[PDB]
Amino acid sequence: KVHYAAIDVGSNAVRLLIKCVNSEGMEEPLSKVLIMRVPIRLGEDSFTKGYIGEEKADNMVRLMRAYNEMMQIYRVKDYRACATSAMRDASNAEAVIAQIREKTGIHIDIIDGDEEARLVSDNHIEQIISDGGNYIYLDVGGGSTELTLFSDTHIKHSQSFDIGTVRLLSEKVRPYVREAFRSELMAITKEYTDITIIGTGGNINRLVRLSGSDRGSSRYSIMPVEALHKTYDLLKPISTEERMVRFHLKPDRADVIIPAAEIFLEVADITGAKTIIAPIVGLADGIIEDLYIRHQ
């Protein structure tokens, strides 16, 4: 009956996640009970205007009220709300957040890239990487991409890069950012072989399903990089509203799925990774793991 909630204020959708604490004998201590995903796309303002415009600020207030009602319905014990790239990069970020407290009671923390990269479900990663192999946990968002290297059950390198789906669509990725990202991947490939990608983000979960790799009754959904590539070639050459209708994609997903696939494919090409494991956890899950640990 204990519930925790996380609010993930990213650069495309803004999410609410609620999880329950399970019984002791169960495997995972925590199970998802409710997930909401609302496409405010703050990054569309942030990365092109430099600030959050009034329409999205007001919609964020409305959304935070809605998520507050939902947290009240589940009588959640504790929560945290984090915002990432699009709020980091907005000049009026503090004003927008203060309006949201005043009007809704919800307190949003702005977290930097480093905190973002480590705000993960270590419990899920620990179990995936326990064979001691080499893994790259890759979170592709709307404004940034976090890469964490795992080898021999131990964390080796963790970095945030300002390449994301909405920033790419807006054509606002800045000089030398792609190059630095490529250079980091090559230094990883020179030193780590047989890399498996652990892919997270709303885009990779939809890609895994479009490519025929849905989890189903399995513990993990596992997508070959070749399956992703074939799916990419299917999606790239048609327009976005045709992608919507033909493949049952929400409008806020049908455009960003392309640069998302391109990021994963670049990472896979450089590292020679053949497999993407998609555990369907993300930043919200990492918030709830922290909350669970805090309260024991």
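Start at 1 with the first residue shown and count on from there.
S.K.: On mean Cα temperature factor in this entry, is 94-102 or 163-171 the higher one?
M.R.: Between 163-171 and 94-102, it is 94-102 that shows the higher mean C-alpha B-factor.
S.K.: Using only C-alpha atoms and the B-factors in the entry, which stretch averages higher, 56-64 or 27-35?
M.R.: Mean C-alpha B-factor is greater for 27-35.
S.K.: Have a look at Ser144, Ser183, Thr200, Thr196 and flag the one whose Cα has the highest B-factor in the entry.
M.R.: Most elevated C-alpha B-factor of the set, per the entry: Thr196.
S.K.: Tell me which of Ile73, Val208, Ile188, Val177 tops the list for C-alpha B factor in the record.
M.R.: In this record, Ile188 carries the highest C-alpha B-factor of the candidates.
S.K.: Among the modelled residues of its chain, does the C-alpha B-factor of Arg118 lie in the lowest, middle or highest third?
M.R.: It falls in the bottom third of the chain.
S.K.: Taking only the Cα B-factors deposited for this chain, tell me whether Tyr51 sits in the lowest, middle or highest third.
M.R.: Tercile = middle for this residue's CA B-factor.
S.K.: Which third of the chain holds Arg41 when residues are ordered by C-alpha B factor: lowest, middle or highest?
M.R.: Lowest third - that is where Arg41 ends up once the chain's C-alpha B-factors are sorted.
S.K.: Sort the modelled residues of this chain by their C-alpha B factor and say whether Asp255 lands in the lowest, middle or highest third.
M.R.: Its C-alpha B-factor, which the entry lists for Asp255, ranks in the lowest third among residues of this chain.
S.K.: Is the Cα B-factor recorded for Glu242 in the lowest, middle or highest third of its chain?
M.R.: Tercile = highest for this residue's CA B-factor.
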